[PDB]
Structures are given as C-alpha cells and as structure tokens.
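Enquirer: Residue numbers (our numbering), protein chains in the order written: chain A, 4 to 171; chain B, -19 to 383. Backbone N, C-alpha and C define an ideal beta-carbon position, used for all residues, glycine too. I am attaching a structure below and will ask some questions about it afterwards.
Okay, structure coming up:
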C-alpha cells in the first residue's frame, strides 16, 4: 500500500534529480523496494548499474543486495541470517520490516502448495523459527503433524453488446 | 547588411499567432544558414508567448555540432530542452517531427558519451508523449528511449510504452524509417525476456522479422538469432513465421545463423549434455554477437521441458528415477527444480518426502467455474475492439479510390 507509492516517488526521483549518478540513500531505498515486489531481475540490474564509488561509500546497500543473491538461489535459511546482518535506521527500517514478513509469507505459501508431506526440521528453516515454535503453530492453523517420525503434512449488459455486435 | 540570425528570430511569433504554420517549418530548418554562438543571444528576448517553435531549431543546431554541446556549460542547455517539452508543449508538433526526431537522436548520442545516460531517460519519455495522440503512435524516439534504458539499467519507465500494441506510425514531414522500426522492437524484445515475460518478448521479436526489407542490416541478424533463443524457451522447437516475412530472412540470414540452427537441432534431441558441449564449441560467435547469457537460458529451459514431459506420462515417479533420466544427477536437485517451478506456476505438483516420490496433480481449471466465464467475457471485449480498428481502416481504403 504505502510501499507502492514510495516506489513511485523514488522511481521518478532516480532519473530527475542527479547528474546521472544519484546519492547513496536513494539507491538503497529503491533497491530494497524492488525486493518487496520480488522483481529480482530489475534489482540485480540495479546493483550492476551501481558504480564502484557507491560500493566503497555505502556498505548497507551491499547488504541489501546480499539477501537478494540468495532469493535468486531460493534458499530460505540463508535469507533470514542476512535480514539480521544489517540494519540502517529510518532510511532502511520501514521497508525492511516488510521484506522480512514478505519472505515468510512466500515461504509458508510455497510449502502449502509444494509439499503434500515435508520433514519438520526442513520446515523449520522455511519459516525460520525453531522446531518447538513451529509444531505449536501448525496445529492451530489445522495442518497435521505426525510425531515419532516427525513429519508435517500441509493441507444482461455484456450479452446485449455481443448480440448487437454480431447482428449489426 | 545585417546578420541573418537576428532577422530570423522576430518573424516566428507571427506565424505562431496565425494559421500559417507551413512557413514556420522552413524558418526553423535553415536557422540562420551558418551558425555559431550567435543563437545563444536570441534566447534571452525569445519569449513573448512561450519561447515558440523557434527554440527547437536552436537546440537542433547546438547539439548537431558534433563537438561540444555548448562549452563545459552543457547542463544549462539540458535545462532549456526539458522546458521546451514541458511548458511550451507544442500543438503544431506534427510539422516539427523531423527536427524533433533529429534533436532527440542527437541528445541520446551525447548522453551516452557522459557518465551515465540516466539523467536523459526522464526527459526523453515526456518528449515522445507530446507528439502522440493519447492513443500512442510509434516513431523513432521510442527506439532511443529503449537504448537509454539498456545502457543505464532502469527498464521500469519504458514499460507502459511497450506494453501497448498499435497501428500506424507518426508521420507527416518524414522523421521516420524502417531501421527505427526494427531497432525499437529488437530492444523491446530484449527487455521483456529480461523481465522473464516470455509472451511479450516473442511477439516483440516477431515484429522485428516481419518488417519488409530488400537489403541486409545488422539489426536483422540479431533479431533472428534472438528469436531462435526465445522460441527455444517458450516452445520445444522454433515457433512458426508467416508467409509475409521478408525474402532476406530466408536467402541471406539462414546460412548466416548456422550455429543457432544447430542449437535448435540439439535441443530437439532432448539431451542437455550435448547442448552444453555445443555451447562451448559455438562460444566465440555468442560473445561477438552478444546474446550471451540468453544462450544459457535455453539450457535451463531444456531441463524444464525434460521435467515437464514426465508429468504428462506419470502420476507418481520417484525423485531418484527423475534424477537419472533428466540427468539432474541428484534427487535433491529434482526436488529443488520442481519447487522453483511451483512458485513460478509452470507445474502443478506435490512432493512426498516420506515415500521419496513426486506426485503430479494437473488441475487448474475444470472449466465450469464462473472465473473461467469472466475470463472468456474479458477476451470478447478485446475482440470487439480489435474488429472496430479494422472497420475504420477498411473504411479508410473504401474512401480512397481503388486501382
């Protein structure tokens, strides 16, 4: 909602404001905004446009690109460690908050379709919270957990225009 | 006597207060005959209405010097052209199209020299908008917009221009030719494949082949070569071309694109190991022609095809079995490959890690959904508008006398 507007004003800003290389905070928000849409191609291309000058100047930006390298592999546990690695207050946090929750939803959603049966330890990597916390949650939602083996199972107006058209 | 350039400036405002625009087209084109710095002096007392049409003639000479745009001070000249496009607008623009286009190609060439062509994209898209109806007519500034985006990655502004399909180009007073037509579509294909919008890419690429030609060009080779790679992703072999394709694409281009014909041939055998070996054999071509990285996708798409054909055949199949036959060589990767495809929605499947099986589903539609009714209803509205374009165009020929 709020984020979509924030990409719009920022997208405008990249072309309009600079002499061709814009300042380091603007590029960081923009990169972070591309990850929320999960438009990873344009993200990657964003980093490749970025000169060596911004990479020395700004390290935060390079952290935002690292989450994204993993999103390309689609390896979940790896995503989570990188979210914790870097923070940049104000300028990165509201959009970051959204990134973390967009990948968890993507992960739960992915599993629900993907697997008719999955190991609970693998599932623990996907949501990214330990085994005790996960097994407690799945039960409430209404998914079945098997214990001993520890496996988890996911669960007129048109017509007149058309008649008018054919008769003519 | 006096200097030509001072005398020319005061006259334009008259032709811009009157219906007598065809005269004005001459006055901007000559511009003063021989020019120098002398135009910069006219700009100061140039306003009396907006800055008028004249200014466009000033900007066309200064950029067409093929040297400095206007000393190291060039950013100022840039601030002036965004002012022309924005505030002035141009309602007599249909006549201006020749100079406007010349100026726009010249801008893009100069921005490409600078540290990054980023700053150019933002003026260049608003620049095209002014010559267009509101419906969108395709002309040469469209090609150059894609070029700026290609060099300095930021594909996002160009997309509303591309995502619209059209009829008829912007004409009256020249300002256009078949190369521009071909380059706009070549690049627009290039961009869509990148987004992994294989549907629009194929279509964009096709329009770069169907264009009439009696002569060879560098864009025609590239357009053909990129077409073979895309059709190797979307389809299991190369997708058809109509019989209104140009003569040149058969006669010259086919022995010219031998390597690609061998890619398509190995892909039809349905063996990745051979396709892989071929890519290293053919490598230098791929690099000089610079459709590297695309050639890599065709290899991943064979592995996708090889997994997806198994679905058709099996209800249930093991991961170990999938892995040997597809030549993934690791059941772990079999599970990884379908899972990527689940997110994409190229496959409907479920994984059983107790049994070490994959179960295929395959049931997105039963065709009795109201969802499907609404989808078919939306598709009809498109058809009725498409027909309406044809009626106006058939009628237009009906007015013209037949030969």
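1) Taking only beta-carbon atoms, is residue 87 of chain A less than 8 Å away from chain B?
2) Run through chain B and tell me which residues come within less than 9 Å of residue 14 of chain A, C-beta to C-beta.
3) Can you give me the start and stop residues for the alpha helix (DSSP H) that residue 321 of chain B sits inside?
4) Taking the continuous beta strand (DSSP E) assigned at residue 148 of chain A, which residues delimit it?
5) Going straight from the alpha carbon of residue 363 of chain B to that of residue 148 of chain B, what length do you get?
6) Between residue 307 of chain B and the rest of its own chain, which residues show a CB-CB distance below 7 Å, the 5 nearest in sequence each way excluded?
7) For residue 320 of chain B, which residues in chain A fall below 7 Å Cβ to Cβ?
8) Going by DSSP in three states, residue 347 of chain B sits in which element: helix, strand or coil?
9) Check whether the region 112 to 124 of chain A and the region 324 to 331 of chain B are in contact - that is, three or more C-beta pairs closer than 8 Å.
10) Say whether chain B places a C-beta atom closer than 8 Å to the C-beta of residue 52 of chain A.
11) Do residue 167 of chain B and residue 180 of chain B have their CB atoms nearer than 8 Å?
12) Let's see if you can read the secondary structure: which residues bound the alpha helix (DSSP H) around residue 296 of chain B?
13) Out of curiosity, what's the CA-to-CA distance linking residue 146 of chain B and residue 17 of chain A?
14) Under 7 Å between beta-carbons, which chain A residues line up against residue 332 of chain B? List them in chain order, please.
15) Using only alpha-carbon positions, find the residue among B:250, B:249, B:248 and B:275 that is nearest to residue 261 of chain B.
16) Taking 8 Å as the CB-CB limit, is residue 339 of chain B close to chain A?
17) For residue 385 of chain B, which of B:217, B:72 and B:65 has the nearest alpha-carbon?
18) Please list the residues of the region 22 to 49 of chain A that have a C-beta atom closer than 7 Å to any C-beta atom in chain B, keeping them in chain order.
19) Provide the residue(s) that pair with residue 118 of chain A in DSSP beta bridges, ordered along the chain.
20) Terminal residues of the continuous beta strand (DSSP E) containing residue 337 of chain B?
21) Compute the beta-carbon to beta-carbon distance between residue 36 of chain B and residue 76 of chain B, rounded to the nearest angstrom, for a pair I have assumed lies under 8 Å.
22) Would you say residue 102 of chain A reaches chain B, if we count a Cβ-Cβ gap shorter than 8 Å as a contact?
23) Of the residues A:165, A:170, A:158 and A:149, which one's Cα is nearest the Cα of residue 334 of chain B?
24) Note down, in chain order, each residue of its chain lying with its Cβ closer than 6 Å to the Cβ of residue 155 of chain B, except the 5 sequence neighbours on either side.
25) Ignore the nearest five residues each way along the sequence and tell me which others in residue 128 of chain A's own chain have a CB closer than 6 Å to its CB.
26) Can you give, in chain order, each stretch of the alpha helix (DSSP H) that sits fully within the region 65 to 115 of chain B and has at least 4 residues?
27) Does residue 156 of chain A come out as helix, strand or coil in the three-state DSSP assignment?
28) Is it the case that the region 113 to 127 of chain B contacts the region 33 to 52 of chain B, given that we only count it when at least three CB pairs across the two stretches are under 8 Å?
29) Would you list, in chain order, the members of the region 98 to 109 of chain B that have their beta-carbon closer than 9 Å to a beta-carbon of chain A?
30) Can you name the residues that DSSP bridges to residue 149 of chain B?
31) Along chain B, which residues have their Cβ under 9 Å away from the Cβ of residue 161 of chain A?
32) In this structure, does DSSP put residue 32 of chain B in helix, strand or coil?
33) Just to make sure I have the definition right: I need the residues of chain B whose C-beta is within less than 7 Å of the C-beta of residue 116 of chain A. Which are they?
34) With a 10 Å radius around its C-beta and 16 neighbouring C-beta atoms as the bar for buried, classify residue 353 of chain B as buried or exposed.
35) Taking beta-carbon pairs under 9 Å, can you tell me which members of the region 80 to 99 of chain B lie near chain A?
36) Once DSSP output is grouped into helix, strand and coil, what is the label at residue 77 of chain A?
Expert: Reading it off the structure:
1) Interface residue (Cβ-Cβ distance to chain B less than 8 Å): residue 87 of chain A is not classified as such.
2) Going along chain B in sequence order, the residues near residue 14 of chain A (Cβ under 9 Å) are 134, 136 and 137.
3) Residue 321 of chain B: member of the alpha helix (DSSP H) spanning 311 to 324, first to last residue.
4) Start and end: 147 to 149.
5) One C-alpha to the other measures close to 19 Å.
6) Only 252 and 253 meet the Cβ criterion.
7) Ordered by position in chain A, the residues that pass the 7 Å Cβ test against residue 320 of chain B are 77.
8) Looking at residue 347 of chain B - three-state DSSP - the assignment turns out to be coil, as it is neither helix nor strand.
9) Yes: the two stretches touch, three or more of their Cβ pairs being nearer than 8 Å.
10) Yes, residue 52 of chain A counts as interfacial toward chain B.
11) No. Outside cutoff.
12) Note, residue 296 of chain B: premise wrong, no alpha helix (DSSP H); beta strand (DSSP E) at 296 to 298.
13) Going by the C-alpha atoms only, they are around 29 Å apart.
14) 119 and 120, listed in chain order.
15) Nearest option by C-alpha distance: B:275.
16) Look at residue 339 of chain B: its C-beta is under 8 Å from a C-beta on chain A.
17) An answer regarding residue 385 of chain B cannot be provided, because it is not within the stretch -19 to 383 covered by chain B.
18) Result list: 22, 23, 24, 44, 45, 48 and 49.
19) When beta bridges are read from the DSSP output, residue 118 of chain A appears opposite B:331.
20) That run of the beta strand (DSSP E) goes 337 to 340.
21) That belief holds up - the Cβ atoms of residue 36 of chain B and residue 76 of chain B are roughly 6 Å apart, short of 8 Å.
22) The beta carbon of residue 102 of chain A sits no closer than 8 Å to any beta carbon of chain B.
23) The candidate whose alpha carbon is nearest that of residue 334 of chain B is A:149.
24) Listed in chain order, the non-local C-beta contacts of residue 155 of chain B below 6 Å within the same chain comprise 77, 78 and 81, local neighbours out to five positions each way being set aside.
25) Apart from sequence neighbours up to five positions away, the residues of its chain that approach residue 128 of chain A with a beta-carbon distance below 6 Å are 79 and 80, ordered along the chain.
26) Within the region 65 to 115 of chain B, the complete alpha helix (DSSP H) runs of at least 4 residues are 73 to 93 and 98 to 109.
27) Residue 156 of chain A: strand per DSSP, three-state reduction.
28) By the Cβ criterion, the region 33 to 52 of chain B is not in contact with the region 113 to 127 of chain B, since fewer than three pairs of Cβ atoms, one from each stretch, lie closer than 8 Å.
29) Listed in sequence order: 98, 99, 100, 101, 102, 103 and 105.
30) In the DSSP output, where bridge partners are listed per residue, residue 149 of chain B has B:118.
31) Chain B residues near residue 161 of chain A: 357, 360 and 361.
32) Secondary structure at residue 32 of chain B: coil, using DSSP grouped into helix, strand and coil.
33) Those within 7 Å of residue 116 of chain A in chain B are 322.
34) Using a 10 angstroms sphere on the CB of residue 353 of chain B, the tally of other CB atoms stays under 16, which defines it as exposed.
35) Within the region 80 to 99 of chain B, 91, 94, 95, 96, 97, 98 and 99 place their CB atoms closer than 9 Å to a CB of chain A, listed in sequence order.
36) In the structure shown, residue 77 of chain A sits in coil (DSSP, three-state: anything other than H, G, I, E or B).
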